[PDB]
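Alright, two takes on the same chain below, each alone as C-alpha cells: structure 1 and structure 2.
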Structure 1
C-alpha cells in the first residue's frame, strides 16, 4: 500500500509496540500516529495552501520522527536539521529553502532565523490542541511531490523516490517485522533513512544513540547492551570504532541479524572482524549519493567476497535503476574500465532546490555522481593502498588521506621511536606495492576521528 498506509497499519496492528526510543523517551506506534496526525491537522489549519518545506530541528528526540510524519501528512516536505549543523548553515537553509516554519524537538539555539519558530512547548500545545484530530487524507505528499529535502545544496527526495528505495531495502535486505533497528546517523544525514523508513513500514523499533553517548564509550555500550538491536545501520567508521571494544560481539547483541553499511568505504578487515564476532549476522555493503535516495547498489558480503576481493565491491544496482560508467565523454566505459559513475532511474532526485549534475537518460532522470568507479559483470567498485596498509603488522586500523597521508592506529609493538615503526610499516607495504604508491607521511592516532555524521574526519586529520 502507500508508504504512510504501511506505517499506520502498524499503529492498528501493534499500537503499543515502541516505534522509537531515545534513552528514557519512547513513543509507541499509536502515539506516533496520534501526535503526527495532530501536528498535520494543525499545519493544514495554519497553512491552507502553502506547501513550502518545513524545517525540523533537533538531534535524537522522538519528536523528530513525529514531526517528519506530521509534515508529510499535511503535504509538506520536511528538512531535517541536526544540532551539529553550523548556525550559519542553518540560517542559509532558512533563506535558501523557502521554508516559512521550523519545528523544534528541543531549544532552538541558532538565534534570529527568518522563519516562524515553533518551540518545544509550543509544539506540545499543538499535540494537545489537536489531539484526536486526523488530517485530510488528500493532503499527504504523493507521486513526485517532495517528501524530504536533505542538504549536501538541498536535495529534493520525492515520495516516489523514497518508496522505490524503501521497498528495495526491506525486500533485498531481508528485513523481517518487529525488529529493533539501530539509528546512529543524525537525521541530517540520509544514511538515517535506511533505518527510519524500513523500520516504520515493518513495525520495527528504532533505537537511537546520540552524540553524548558516542563520546562516552561506557554509556554507548551500556545502551547497546540493553538495545537488543537486530538490524544495525551505520557508517563503516562507526562500526570500526565499536569493534575496538573487545566486548562488541554476539554476546553483547545476541540477536543481531543484519548489518547495513553505506556512506564510505567498508574495509575488508572490518567486515571480516564483524563476521567473526557476529557469526549469525548477514553483512550488506551498499552505495549511493544523497541525490539518488540513500543507496542504489547492494551486496551481501560473504566469506567468498572477502576472499576474492581486497577492496570490497559496493554491489549490484537495484533493477528499476541502472548504472553507467562514463569515460571522459558521453562514451560508456567497456566493462572493467574506470570512469565516472552515473545513475539513472526512479531513485534519482528531481534536482537541487533552487539553482550540471542532473540530466536525462533514455527518458529517465539521471545523476552524474562525481564519483569514480568501474563495473565487472554488473558488480560496482567505488573509487572515491589502505587495504594493504590495514593488513600490515602493527596496524589495527588506518585510513589514507590524499593531501598521500597514512593515518594509523598502532597496535601493540616494540618500537621505541616513531620513525622506526614507520620504516617497518613502509618496508612491509613495499612487499605488495610499488614504492611510489607508499604514502610519504605517516601519522598516528588512538583512533580514527569521525564527523558528527560518523564519517572519517578528513578535515581534522589534515589540520593536525
Structure 2
C-alpha cells in the first residue's frame, strides 16, 4: 500500500484514535484525513499546474502535520520551518527554494517573504470552506518526486523523495520493533529530520504523536508532568535530551511505566546514558541509529544491550539497512579495508537526490556508483563485520602539538573520568591556529574544597588514558550543557561564552 494509504487506513479502522497531541490541542486520524483532504483540494484549486515546494511555518501545533499531508496529497513537497529558525535564514529559504506558498499554524512574524502567506484564520477558513472535499488520488507525490525538503544549518535544502521516505519508514517500523497504536514522543522540531523517525513510523502504525515544545523544555516541572501523562511508549530524541531528563531523579520506569523502545540519533550516544536508561527502564530496549539528513534520517541501527555496553566502551552506530550499503574511504578513492578508518560513504535508495538547486554543492557530496546515488558524510569511522563505528566529523579533527587529535574522542575519555557528568571540549584558537583546549564540564558529586583540586584530579585520571598533549589546559564548570533548539550540544553558544 502507498505510504498515504497505510496512513489513511487508520483514519478508517481507528477514526477516533488520537493521531497527534500538543498540550491540550488534539486531532484524531479522522480529522487529520478530513482536514488534510480539504487543504489538498484547496492547493490544487489554487495551483492547478504548479508543484513547487510549500513552506509550513510553526512549531508543535497539530496543524503542522495536517499541513504536511495536505501538501503531499496535492503533489507538492513541504518545507518544515520551525519558529526557531532565524528570520534571515527563513527569507533565504523562501527565495532559495521555488516556494510560492507558505502555510502557517500561528502568526508569521518574520518580515514578509516573497511568497503567498496563508495563516491562522486563512488556514481555518480553508478547512471549513473545503470541508468534505477530497484531492485527486493521482496528485499524491510519488516515486522520486520530492516529499519534503529539510534545510541544513548553513543553507542547503536536502530533497527527500517518496521512495526515500518509504525506504526509511519501511525499515524503521521493521527493525525498531514497533507495533501499532503506541504513543510516540516527538522532541525534535520538524525542521530537524530526527522528527521523521517518529512522525511517519507512528502514522503508518496508527500510533499517537505526543509533542513536547520548546517552552515546556525550558520549564522542567511542566516537561515532567507532561511526560507523566503522556504514557509514551516509543521515545525518539537526541542523546543530549535524554541525558538532561536523566539529570532528573524521578525520570524512570515510575514516570513512564509503559516505556518499551528508545530511539536515539543525531549525536554520540554516551555508554553511561544508555547504561542509566537500561537501569531506569529495565523493560525498555535501547536503539542507537546513525545517519546524516542527506540520507533520510538514519541508515544504521543496533540494539544496545548490557552485552554491547560491556564490550564497547564507545558505542557502535549499528548495521546498515539491507537495501543500502556503506563504504569507508581513505585519502584517495582508496576503499579502506574493514577495520581501518576513513570517511563514511552511503549508497542506496535512502540517499537524497541532491541539494535543491545547487549542482555546485551537490557536486562534491553526491555521486553515482553502479547506478545508485552515493553521499560522502564528512564523518570518520570504520566497519568491522558489517558493524559501523563512528569516530567523529572530519572537521572536528584538530591539529595541536604537531599532533592530530579528535574532539569526539577526547570528550569520550573525559566523560569517562570520575566527577565528570557532562563534558564538551571547546578548541580555543589564538590568531588563526588552535592555541589550546578548554574543557567545559558538568561536575558530579565531590568533596573537593577548592576548584583547582577538582581540576587536578580530573586531569590526572584523564592523563591515564590520553597523551599529555591531549589533556585540555583549561577547565570550566557549570550546572548544565546547553542544547540548541534541535536538542543537540550547543557548541556555538559555548565557544561564544568562552570568548566573552
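Residue numbers count along the first chain shown, from 1. For the two forms, the rigid core is made up of the largest set of C-alpha atoms that agree within 1.5 Å on superposition.
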item	value
Single mover in 26, 30, 432, 51, with Cα shift of 2 Å or more between the two structures when the core is superposed	432
Following rigid core superposition, Cα shift of residue 390 between the two structures in Å	2.0
Displacement in Å of the C-alpha of residue 247 between the two structures, rigid core kept as reference	0.4
Core-fitted comparison between the two structures - CA shift at residue 361, Å	1.0
